[PDB]
Amino acid sequence: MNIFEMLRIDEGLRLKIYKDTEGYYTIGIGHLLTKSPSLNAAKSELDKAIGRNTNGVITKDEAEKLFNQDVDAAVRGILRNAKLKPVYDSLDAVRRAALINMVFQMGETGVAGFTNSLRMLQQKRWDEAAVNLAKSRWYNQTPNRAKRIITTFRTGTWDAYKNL
Ligand SMILES: [Cl-]
Ligand SMILES: [Cl-]
């Protein structure tokens, strides 16, 4: 298992423009296009992202390319963030993957906001961090996914993803 396989499980793959859990226009493997309620604005962002006139539909290859870019950006975002970088550096490989996942989903800013949780992860207080992470809008809105991430931080293994 690895970060890519992990995110592919959590996000799925759709080749046509769709709305995510929050109602925002998305495509590919969880690639957010816009928060704007306009489909045309969405289509415009898509063309610009792909570099062609798309009609709202992309190929698998295109989806993978956006995915590759998005994961790299997630990582780079963590490392440039004063609050995130130190946590990530303190973590083992599996748990690092869990943090990237959260960043991919909610943005660096969002995650950087889990102050107390970040502190507990840094201190390696797994059970305490898990409880804390659960007290969040994130957990209440996407409980299954949140549960997977939480279990990953708690155990340091890929158990939550094995099977899927
Ligand atoms: Cl892009
Ligand atoms: Cl969910």
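Note that Cβ sites are derived from N, Cα and C of the backbone, with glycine treated the same way.
Residues or ranges marked as active site, proton donor/acceptor in Swiss-Prot (evidence: experimental evidence): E11 (among others). Residue environment of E11 (active site, proton donor/acceptor) contains 20 other Cβ atoms, counted within 10 Å of its Cβ in all protein chains.
Classification of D20 (active site, proton donor/acceptor) by DSSP places it in coil, neither helical nor stranded. Residues or ranges marked as active site, proton donor/acceptor by Swiss-Prot: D20 (among others).
Annotation source Swiss-Prot lists substrate binding site at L32, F104, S117, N132. Annotation note: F104 (substrate binding site) sits in a helical segment as assigned by DSSP.
Note: the CA-CA distance between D20 (active site, proton donor/acceptor) and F104 (substrate binding site) rounds to 14 Å. For the recorded site, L32 (substrate binding site), the DSSP three-state label reads strand. When the binding-site residues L32, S117 are compared by the number of other C-beta atoms lying within 10 angstroms of their own C-beta, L32 comes out lowest.
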